[PDB]
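Participant: TSV, C-alpha atoms (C1' of nucleotides) and all ligand atoms, saved as run-v5.tsv, coming up:
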chain	number	residue	atom	x	y	z
G	137	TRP	CA	0.00	0.00	0.00
G	138	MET	CA	1.29	3.40	-1.12
G	139	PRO	CA	0.46	6.54	0.92
G	140	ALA	CA	-0.97	9.44	-1.04
G	141	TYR	CA	1.46	12.20	0.04
G	142	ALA	CA	5.12	12.19	-0.97
G	143	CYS	CA	6.16	13.13	2.57
G	144	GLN	CA	4.66	9.83	3.82
G	145	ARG	CA	6.99	7.53	1.91
G	146	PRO	CA	10.74	7.25	1.35
G	147	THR	CA	11.87	8.25	-2.13
G	148	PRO	CA	15.54	7.37	-2.72
G	149	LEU	CA	17.78	8.99	-5.29
G	150	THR	CA	18.19	5.82	-7.35
G	151	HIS	CA	14.93	4.10	-8.25
G	152	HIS	CA	13.53	1.52	-10.64
G	153	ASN	CA	11.15	3.32	-13.01
G	154	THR	CA	13.13	6.16	-14.52
G	155	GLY	CA	11.70	5.67	-18.00
G	156	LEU	CA	8.10	5.98	-16.85
G	157	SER	CA	8.79	8.82	-14.41
G	158	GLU	CA	10.74	10.83	-17.00
G	159	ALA	CA	7.79	10.57	-19.41
G	160	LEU	CA	5.27	11.74	-16.82
G	161	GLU	CA	7.59	14.61	-15.89
G	162	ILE	CA	7.65	15.76	-19.53
G	163	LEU	CA	3.86	15.99	-19.43
G	164	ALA	CA	4.09	17.84	-16.10
G	165	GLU	CA	6.56	20.36	-17.54
G	166	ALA	CA	4.38	20.88	-20.62
G	167	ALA	CA	1.32	21.36	-18.41
G	168	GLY	CA	3.17	24.14	-16.59
G	169	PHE	CA	4.12	25.75	-19.91
G	170	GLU	CA	0.41	25.91	-20.75
G	171	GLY	CA	-0.45	27.36	-17.34
G	172	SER	CA	-2.08	24.22	-15.86
G	173	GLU	CA	-0.47	24.06	-12.41
G	174	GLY	CA	-3.01	21.44	-11.33
G	175	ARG	CA	-2.20	19.07	-14.18
G	176	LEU	CA	1.49	19.69	-13.52
G	177	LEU	CA	1.03	18.70	-9.89
G	178	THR	CA	-0.80	15.46	-10.72
G	179	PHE	CA	1.80	14.39	-13.28
G	180	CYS	CA	4.61	15.28	-10.84
G	181	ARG	CA	2.91	13.30	-8.06
G	182	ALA	CA	2.34	10.29	-10.30
G	183	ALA	CA	5.98	10.29	-11.41
G	184	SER	CA	7.03	10.48	-7.76
G	185	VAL	CA	4.85	7.49	-6.85
G	186	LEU	CA	6.81	5.45	-9.39
G	187	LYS	CA	10.09	6.60	-7.83
G	188	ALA	CA	8.96	5.20	-4.50
G	189	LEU	CA	8.08	1.71	-5.79
G	190	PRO	CA	10.50	-1.08	-4.83
G	191	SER	CA	10.67	-2.68	-8.28
G	192	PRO	CA	10.20	-2.00	-12.00
G	193	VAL	CA	6.63	-1.74	-13.22
G	194	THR	CA	6.25	-4.28	-16.02
G	195	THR	CA	2.46	-4.65	-16.30
G	196	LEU	CA	-0.41	-2.18	-16.12
G	197	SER	CA	-1.85	-4.40	-13.35
G	198	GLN	CA	0.85	-3.10	-11.00
G	199	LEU	CA	-0.69	0.39	-11.10
G	200	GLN	CA	-4.06	-0.59	-9.67
G	201	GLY	CA	-4.77	1.33	-6.50
G	202	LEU	CA	-1.74	3.63	-6.67
G	203	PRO	CA	-2.51	7.24	-5.75
G	204	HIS	CA	-2.51	9.88	-8.51
G	205	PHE	CA	-2.91	7.30	-11.29
G	206	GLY	CA	-6.13	7.81	-13.21
G	207	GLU	CA	-7.08	7.35	-16.83
G	208	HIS	CA	-4.48	9.72	-18.28
G	209	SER	CA	-1.32	8.72	-16.38
G	210	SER	CA	-2.27	5.05	-16.66
G	211	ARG	CA	-2.56	5.29	-20.46
G	212	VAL	CA	0.89	6.91	-20.67
G	213	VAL	CA	2.36	4.00	-18.71
G	214	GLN	CA	0.44	1.43	-20.73
G	215	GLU	CA	1.74	2.82	-24.04
G	216	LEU	CA	5.33	2.89	-22.75
G	217	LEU	CA	4.95	-0.71	-21.53
G	218	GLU	CA	3.41	-1.88	-24.80
G	219	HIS	CA	5.41	0.12	-27.36
G	220	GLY	CA	8.35	1.76	-25.56
G	221	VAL	CA	7.01	5.21	-26.49
G	222	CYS	CA	4.00	7.34	-25.64
G	223	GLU	CA	2.73	9.24	-28.67
G	224	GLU	CA	1.60	12.24	-26.60
G	225	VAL	CA	4.99	12.49	-24.90
G	226	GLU	CA	6.83	12.27	-28.22
G	227	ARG	CA	4.57	14.89	-29.80
G	228	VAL	CA	5.26	17.23	-26.85
G	229	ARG	CA	9.00	16.45	-26.92
G	230	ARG	CA	9.36	17.33	-30.60
G	231	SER	CA	7.19	20.46	-30.54
G	232	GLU	CA	8.67	23.90	-31.17
G	233	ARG	CA	6.60	25.27	-28.27
G	234	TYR	CA	7.91	22.74	-25.75
G	235	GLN	CA	11.52	23.05	-26.89
G	236	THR	CA	11.52	26.87	-26.80
G	237	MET	CA	9.68	27.15	-23.50
G	238	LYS	CA	12.18	24.73	-21.98
G	239	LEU	CA	15.08	26.73	-23.40
G	240	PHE	CA	13.75	30.05	-22.13
G	241	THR	CA	12.53	28.92	-18.70
G	242	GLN	CA	15.92	27.33	-17.99
G	243	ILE	CA	17.41	30.84	-18.03
G	244	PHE	CA	17.94	32.30	-14.57
G	245	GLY	CA	15.39	35.09	-14.25
G	246	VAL	CA	12.92	33.72	-16.84
G	247	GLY	CA	9.73	31.90	-15.87
G	248	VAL	CA	6.74	30.55	-17.77
G	249	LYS	CA	4.91	33.86	-18.07
G	250	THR	CA	7.97	35.66	-19.45
G	251	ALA	CA	8.92	32.80	-21.78
G	252	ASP	CA	5.38	32.55	-23.11
G	253	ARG	CA	5.28	36.25	-23.95
G	254	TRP	CA	8.60	35.98	-25.80
G	255	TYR	CA	7.34	32.89	-27.63
G	256	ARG	CA	4.17	34.71	-28.68
G	257	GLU	CA	6.39	37.54	-29.92
G	258	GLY	CA	8.22	35.15	-32.27
G	259	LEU	CA	11.43	34.70	-30.32
G	260	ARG	CA	12.94	31.21	-30.40
G	261	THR	CA	16.68	31.30	-29.61
G	262	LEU	CA	19.00	32.70	-26.98
G	263	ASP	CA	20.51	34.88	-29.72
G	264	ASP	CA	17.04	36.32	-30.35
G	265	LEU	CA	16.91	37.50	-26.72
G	266	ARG	CA	20.46	38.87	-26.90
G	267	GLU	CA	19.47	40.95	-29.95
G	268	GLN	CA	16.77	42.78	-27.91
G	269	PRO	CA	18.59	43.61	-24.66
G	270	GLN	CA	16.13	46.24	-23.41
G	271	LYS	CA	13.47	43.54	-22.95
G	272	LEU	CA	15.62	42.05	-20.14
G	273	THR	CA	15.81	42.61	-16.42
G	274	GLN	CA	19.20	42.84	-14.73
G	275	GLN	CA	18.63	39.30	-13.41
G	276	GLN	CA	17.83	38.01	-16.91
G	277	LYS	CA	20.88	39.73	-18.38
G	278	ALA	CA	23.07	37.92	-15.85
G	279	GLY	CA	21.35	34.61	-16.54
G	280	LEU	CA	21.83	35.05	-20.28
G	281	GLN	CA	25.42	36.25	-19.99
G	282	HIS	CA	26.45	33.19	-17.96
G	283	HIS	CA	24.04	30.74	-19.54
G	284	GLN	CA	26.76	28.42	-20.92
G	285	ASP	CA	28.46	28.00	-17.56
G	286	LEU	CA	25.13	27.72	-15.72
G	287	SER	CA	24.21	24.85	-18.04
G	288	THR	CA	27.28	22.88	-16.88
G	289	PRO	CA	26.46	20.53	-13.98
G	290	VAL	CA	27.84	21.62	-10.64
G	291	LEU	CA	29.97	18.81	-9.18
G	292	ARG	CA	30.96	17.91	-5.62
G	293	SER	CA	34.45	19.34	-6.13
G	294	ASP	CA	32.79	22.69	-6.89
G	295	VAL	CA	30.58	22.40	-3.80
G	296	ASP	CA	33.57	21.82	-1.53
G	297	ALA	CA	35.49	24.76	-2.98
G	298	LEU	CA	32.44	27.01	-2.68
G	299	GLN	CA	31.68	25.97	0.88
G	300	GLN	CA	35.24	26.89	1.83
G	301	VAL	CA	35.03	30.40	0.43
G	302	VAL	CA	31.56	30.93	1.90
G	303	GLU	CA	32.74	29.71	5.32
G	304	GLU	CA	35.70	32.08	5.10
G	305	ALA	CA	33.49	35.08	4.33
G	306	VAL	CA	30.94	34.08	6.97
G	307	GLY	CA	33.64	33.69	9.63
G	308	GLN	CA	35.06	37.11	8.76
G	309	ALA	CA	31.60	38.67	8.99
G	310	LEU	CA	30.54	37.08	12.30
G	311	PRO	CA	32.61	34.73	14.50
G	312	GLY	CA	30.78	31.58	15.44
G	313	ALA	CA	28.44	31.68	12.46
G	314	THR	CA	27.98	28.41	10.61
G	315	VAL	CA	27.37	27.27	7.04
G	316	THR	CA	25.26	24.20	6.22
G	317	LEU	CA	25.03	22.65	2.76
G	318	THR	CA	21.39	22.13	1.78
G	319	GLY	CA	19.49	21.51	-1.46
G	320	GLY	CA	20.04	18.45	-3.61
G	321	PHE	CA	23.60	17.83	-2.49
G	322	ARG	CA	22.37	17.35	1.08
G	323	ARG	CA	19.92	14.77	-0.36
G	324	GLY	CA	22.90	12.90	-1.83
G	325	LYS	CA	22.87	14.19	-5.39
G	326	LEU	CA	26.17	14.02	-7.29
G	327	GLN	CA	25.36	17.06	-9.44
G	328	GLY	CA	23.20	20.15	-9.34
G	329	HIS	CA	22.23	23.32	-11.14
G	330	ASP	CA	23.40	25.38	-8.14
G	331	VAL	CA	24.71	25.09	-4.58
G	332	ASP	CA	22.46	25.99	-1.64
G	333	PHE	CA	23.78	27.14	1.75
G	334	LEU	CA	22.03	27.94	5.03
G	335	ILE	CA	23.82	30.27	7.45
G	336	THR	CA	23.04	30.84	11.13
G	337	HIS	CA	24.61	31.66	14.50
G	338	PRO	CA	24.00	29.80	17.78
G	339	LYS	CA	23.07	33.03	19.65
G	340	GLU	CA	19.60	34.18	18.59
G	341	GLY	CA	19.75	37.63	17.03
G	342	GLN	CA	23.49	37.75	16.32
G	343	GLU	CA	22.77	36.91	12.67
G	344	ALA	CA	20.88	40.17	12.09
G	345	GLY	CA	22.50	42.03	9.19
G	346	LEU	CA	24.77	39.12	8.32
G	347	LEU	CA	24.02	38.52	4.67
G	348	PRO	CA	25.00	42.02	3.41
G	349	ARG	CA	28.27	41.71	5.34
G	350	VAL	CA	28.96	38.30	3.78
G	351	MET	CA	28.11	39.56	0.30
G	352	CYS	CA	30.39	42.59	0.64
G	353	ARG	CA	33.26	40.33	1.70
G	354	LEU	CA	32.68	37.93	-1.19
G	355	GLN	CA	32.42	40.80	-3.66
G	356	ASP	CA	35.72	42.23	-2.41
G	357	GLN	CA	37.50	38.94	-3.07
G	358	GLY	CA	36.20	39.11	-6.66
G	359	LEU	CA	33.90	36.13	-6.13
G	360	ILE	CA	30.52	37.67	-7.14
G	361	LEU	CA	29.29	38.10	-10.71
G	362	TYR	CA	25.65	38.85	-9.88
G	363	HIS	CA	23.63	39.43	-6.75
G	364	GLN	CA	20.52	41.15	-5.39
G	384	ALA	CA	18.09	44.45	4.45
G	385	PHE	CA	17.94	40.92	3.09
G	386	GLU	CA	18.16	37.31	4.23
G	387	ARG	CA	18.19	35.40	0.89
G	388	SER	CA	20.47	36.00	-2.05
G	389	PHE	CA	20.30	34.15	-5.36
G	390	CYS	CA	23.83	34.78	-6.61
G	391	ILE	CA	26.18	33.90	-9.42
G	392	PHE	CA	29.74	33.30	-8.17
G	393	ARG	CA	33.00	33.56	-10.11
G	394	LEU	CA	34.45	30.21	-9.03
G	395	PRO	CA	38.20	29.86	-9.68
G	396	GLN	CA	39.27	26.87	-11.77
G	397	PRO	CA	42.77	25.77	-12.78
G	410	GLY	CA	44.04	28.77	-14.74
G	411	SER	CA	40.57	30.27	-15.16
G	412	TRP	CA	37.06	30.46	-13.67
G	413	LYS	CA	33.45	29.47	-14.24
G	414	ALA	CA	30.14	30.99	-13.19
G	415	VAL	CA	28.14	28.99	-10.62
G	416	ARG	CA	24.71	29.68	-9.19
G	417	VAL	CA	24.79	29.86	-5.39
G	418	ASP	CA	21.84	30.39	-3.06
G	419	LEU	CA	22.61	31.90	0.34
G	420	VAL	CA	20.04	32.11	3.13
G	421	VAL	CA	20.45	33.39	6.69
G	422	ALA	CA	18.10	32.22	9.43
G	423	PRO	CA	18.02	32.79	13.20
G	424	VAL	CA	18.83	29.61	15.07
G	425	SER	CA	15.23	29.40	16.37
G	426	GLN	CA	14.17	28.92	12.73
G	427	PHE	CA	17.14	26.80	11.63
G	428	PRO	CA	15.36	23.39	11.63
G	429	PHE	CA	12.52	24.83	9.58
G	430	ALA	CA	14.87	26.50	7.12
G	431	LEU	CA	16.98	23.35	6.87
G	432	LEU	CA	13.91	21.24	6.14
G	433	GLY	CA	12.56	23.71	3.58
G	434	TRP	CA	15.79	24.33	1.69
G	435	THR	CA	16.77	20.64	1.62
G	436	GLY	CA	13.79	19.83	-0.60
G	437	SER	CA	13.03	18.21	-2.87
G	438	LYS	CA	10.72	20.94	-4.11
G	439	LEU	CA	7.89	18.44	-4.58
G	440	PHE	CA	8.59	16.86	-1.19
G	441	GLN	CA	8.25	20.26	0.50
G	442	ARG	CA	5.03	21.29	-1.27
G	443	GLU	CA	3.58	17.91	-0.32
G	444	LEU	CA	4.74	18.29	3.29
G	445	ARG	CA	3.20	21.77	3.55
G	446	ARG	CA	-0.01	20.48	1.95
G	447	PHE	CA	-0.08	17.56	4.40
G	448	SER	CA	0.53	19.89	7.37
G	449	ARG	CA	-2.34	22.20	6.49
G	450	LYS	CA	-4.89	19.75	5.08
G	451	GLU	CA	-4.28	16.77	7.39
G	452	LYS	CA	-3.10	18.43	10.63
G	453	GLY	CA	-4.48	21.98	10.44
G	454	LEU	CA	-1.00	23.46	10.92
G	455	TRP	CA	0.76	25.97	8.68
G	456	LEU	CA	4.33	25.07	7.69
G	457	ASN	CA	6.95	27.25	6.03
G	458	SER	CA	10.71	27.69	6.21
G	459	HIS	CA	10.31	29.94	9.27
G	460	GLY	CA	8.17	27.74	11.51
G	461	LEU	CA	5.07	25.64	12.11
G	462	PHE	CA	2.01	27.63	13.21
G	463	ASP	CA	-1.11	26.47	15.03
G	464	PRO	CA	-3.75	28.94	13.78
G	465	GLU	CA	-6.21	28.12	16.56
G	466	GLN	CA	-3.88	28.61	19.54
G	467	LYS	CA	-1.89	31.29	17.67
G	468	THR	CA	1.40	29.63	18.63
G	469	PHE	CA	4.58	28.44	16.93
G	470	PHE	CA	6.02	24.98	17.51
G	471	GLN	CA	9.50	25.14	19.01
G	472	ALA	CA	11.70	22.69	17.12
G	473	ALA	CA	15.31	21.75	17.79
G	474	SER	CA	15.66	19.37	14.83
G	475	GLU	CA	14.01	18.23	11.63
G	476	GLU	CA	13.03	15.06	13.52
G	477	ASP	CA	11.00	17.25	15.91
G	478	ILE	CA	9.06	18.71	12.98
G	479	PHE	CA	8.21	15.31	11.47
G	480	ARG	CA	7.10	14.13	14.91
G	481	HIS	CA	4.84	17.12	15.53
G	482	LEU	CA	3.19	16.36	12.16
G	483	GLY	CA	2.70	12.68	13.00
G	484	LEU	CA	5.06	11.52	10.24
G	485	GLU	CA	7.78	8.88	10.31
G	486	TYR	CA	11.09	10.74	10.05
G	487	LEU	CA	12.76	10.62	6.63
G	488	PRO	CA	16.47	11.44	6.24
G	489	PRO	CA	17.36	13.87	3.44
G	490	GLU	CA	18.41	11.03	1.13
G	491	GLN	CA	14.82	9.70	1.24
G	492	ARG	CA	13.23	13.08	0.34
G	493	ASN	CA	13.98	12.79	-3.38
G	494	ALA	CA	10.33	12.95	-4.37
D	1	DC	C1'	-17.21	21.79	-7.36
D	2	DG	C1'	-12.65	23.89	-6.13
D	3	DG	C1'	-7.81	22.98	-4.43
D	4	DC	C1'	-3.37	22.39	-5.71
D	5	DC	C1'	3.24	25.28	-0.82
D	6	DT	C1'	5.64	29.05	0.29
D	7	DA	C1'	7.84	33.80	1.38
D	8	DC	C1'	11.31	36.77	0.11
D	9	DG	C1'	13.70	40.10	-3.67
Z	1	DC	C1'	6.92	38.87	-11.88
Z	2	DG	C1'	11.32	36.34	-10.41
Z	3	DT	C1'	13.76	32.95	-7.07
Z	4	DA	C1'	11.52	27.88	-9.16
P	1	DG	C1'	-5.28	15.46	-13.60
P	2	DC	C1'	-6.60	13.70	-9.82
P	3	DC	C1'	-9.03	13.88	-5.35
P	4	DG	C1'	-11.66	15.19	-1.02
S	501	LIG	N1	17.09	27.80	-14.82
S	501	LIG	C1	17.52	26.54	-14.70
S	501	LIG	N2	16.93	25.76	-13.81
S	501	LIG	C2	17.47	24.53	-13.80
S	501	LIG	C3	18.51	24.03	-14.57
S	501	LIG	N3	18.75	22.71	-14.24
S	501	LIG	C4	17.88	22.43	-13.30
S	501	LIG	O1	17.78	21.39	-12.76
S	501	LIG	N4	17.10	23.51	-13.01
S	501	LIG	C5	16.03	23.54	-12.02
S	501	LIG	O2	16.54	23.14	-10.77
S	501	LIG	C6	15.98	21.86	-10.36
S	501	LIG	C7	17.09	20.88	-9.95
S	501	LIG	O3	18.30	21.56	-9.59
S	501	LIG	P1	19.19	21.14	-8.31
S	501	LIG	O4	20.07	19.95	-8.60
S	501	LIG	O5	19.79	22.40	-7.72
S	501	LIG	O6	18.09	20.56	-7.26
S	501	LIG	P2	17.70	21.22	-5.85
S	501	LIG	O7	16.74	20.33	-5.13
S	501	LIG	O8	18.91	21.67	-5.06
S	501	LIG	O9	16.91	22.51	-6.37
S	501	LIG	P3	16.88	23.99	-5.73
S	501	LIG	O10	18.30	24.47	-5.54
S	501	LIG	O11	15.95	24.82	-6.59
S	501	LIG	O12	16.29	23.71	-4.37
S	501	LIG	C8	15.09	21.40	-11.54
S	501	LIG	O13	13.84	20.95	-11.07
S	501	LIG	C9	14.97	22.58	-12.54
S	501	LIG	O14	13.69	23.25	-12.52
S	501	LIG	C10	19.13	24.88	-15.52
S	501	LIG	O15	20.06	24.62	-16.29
S	501	LIG	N5	18.56	26.15	-15.52
S	502	MN	MN	15.50	0.33	-4.68
S	503	MN	MN	-6.75	13.23	-20.33
S	504	MN	MN	-1.27	0.09	-28.15
S	505	MN	MN	20.04	23.37	-5.51
S	506	MN	MN	18.80	26.71	-5.15
S	507	MN	MN	12.40	36.06	7.69
S	508	MN	MN	-12.98	22.05	-11.45
S	509	MN	MN	-8.56	19.88	-14.83
S	510	NA	NA	14.17	30.30	-15.09
Once more with this new file: its structure as structure tokens, please.
Ligand SMILES: Nc1nc2c([nH]c(=O)n2[C@@H]2O[C@H](COP(=O)(O)OP(=O)(O)OP(=O)(O)O)[C@@H](O)[C@H]2O)c(=O)[nH]1
Ligand SMILES: [Mn+2]
Ligand SMILES: [Mn+2]
Ligand SMILES: [Mn+2]
Ligand SMILES: [Mn+2]
Ligand SMILES: [Mn+2]
Ligand SMILES: [Mn+2]
Ligand SMILES: [Mn+2]
Ligand SMILES: [Mn+2]
Ligand code: NA
Facilitator:
Amino acid sequence: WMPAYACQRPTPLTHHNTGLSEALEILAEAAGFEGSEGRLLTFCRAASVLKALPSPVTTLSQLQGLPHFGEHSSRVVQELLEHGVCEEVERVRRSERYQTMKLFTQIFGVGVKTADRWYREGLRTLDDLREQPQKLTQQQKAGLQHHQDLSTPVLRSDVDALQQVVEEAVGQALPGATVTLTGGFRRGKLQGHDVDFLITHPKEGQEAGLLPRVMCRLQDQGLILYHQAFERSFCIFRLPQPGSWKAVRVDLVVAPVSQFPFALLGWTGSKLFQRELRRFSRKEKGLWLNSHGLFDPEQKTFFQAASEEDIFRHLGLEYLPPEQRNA
DNA sequence: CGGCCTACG
DNA sequence: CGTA
DNA sequence: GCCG
């Protein structure tokens, strides 16, 4: 029996149904490109259910009773099982609309609404966007300028180098402050599109004003290509390489230690795992979860947590380590 | 039928 | 809107 | 698209 919410089941990084899940995730992506966030969610959830199964699905029988599998997702799986391809998926794959929306939305600073407008205006290539620079925000100009580098997978060697320079800047800005790797690398991923760090200090309140101080120190060592009181920064770093450098996306977030378990849980993801966990919290337990805390709206109180385990327990969920949150 | 995670920049 |  |  398979629970309905992704936060109720372990999802490891390596699973047994990548072909089927990849196909459903193409339909999810395409649904988002057409502005159907509900269809996107169902296709994402169905793909995630397959990631949590212990074995390869070989027969449509094995889908009976699984949550988020109805007529549409079941037919996709049945065609892939019978023919090795799903006609709808292939039609989406090969479409100019899908290919261009994927290309544009993968730019840092460009989402579906922006990409769709550009599509409707006839634009199709990165060079098209470069030829009309005034249509671009500062953030989009940075994303486009560094697009090549940002399309190169970030590896663990890059993470370790980046954590060192971030720890050095953090320690110069505030003694005793700490840096925790989050995001997909904390979940055990070998690669990523960025590196995510969570910064705090053991003495509540000492972290006030920290992120501007850290950013100024990084910028003075020549490490910042793009950034921007604030507590989150979605940056592009100039990461030194042997004889050169490459641009890397880095997310920095500062939290007071009282919020650290909630920030750690939120920023560790996966993104689907966290939306599911917040949905579960509100719809099943009547509690409101975010990366700052867990709120009881009836008593008007916040749950004091010392650990991620505490949060799972307050929500009545079996604890899942980060490596099992790869929903 | 309506809901679908979340808050900051 | 973007982070996504 | 699926579900309460
Ligand atoms: N703009 C952009 N987004 C990308 C790229 N690659 C990539 O995975 N993403 C987005 O980032 C997600 C996975 O990246 P990741 O390895 O950092 O995973 P993560 O859980 O740490 O994601 P997060 O840092 O957003 O929390 C994907 O779901 C996708 O939407 C890319 O080249 N460009
Ligand atoms: Mn397995
Ligand atoms: Mn259908
Ligand atoms: Mn057939
Ligand atoms: Mn990441
Ligand atoms: Mn990130
Ligand atoms: Mn805050
Ligand atoms: Mn409806
Ligand atoms: Mn619908
Ligand atoms: Na984007």
Participant: Report as a PyMOL selection string which protein, DNA and RNA residues come within 6 Å of ligand LIG 501 (chain S), using only C-alpha atoms (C1' of nucleotides) and all ligand atoms.
Facilitator: (chain G and resi 242-244+286-287+319-320+328-330+332+436-437) or (chain Z and resi 4)
Participant: Within 10 Å of (-11.4, 15.6, 2.0) (coordinates as in the file), grab all the protein and nucleic acid residues, counting all atoms listed in the file, and write them out as a PyMOL selection string.
Facilitator: (chain G and resi 450-451) or (chain P and resi 3-4)
Participant: Suppose you want the space between atom CA of residue G:420 and atom CA of residue G:282; what is it in Å?
Facilitator: 22.1 Å
Participant: What is the distance between atom CA of residue G:231 and atom CA of residue G:249, in Å to one decimal?
Facilitator: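 Rounded to one decimal, the two atoms are 18.4 Å apart.
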Participant: Using only C-alpha atoms (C1' of nucleotides) and all ligand atoms, determine which residues fall within 10 Å of ligand NA 510 (chain S), then list them as number ranges by chain.
Facilitator: G: 238-248, 250-251, 276, 279; Z: 2-4
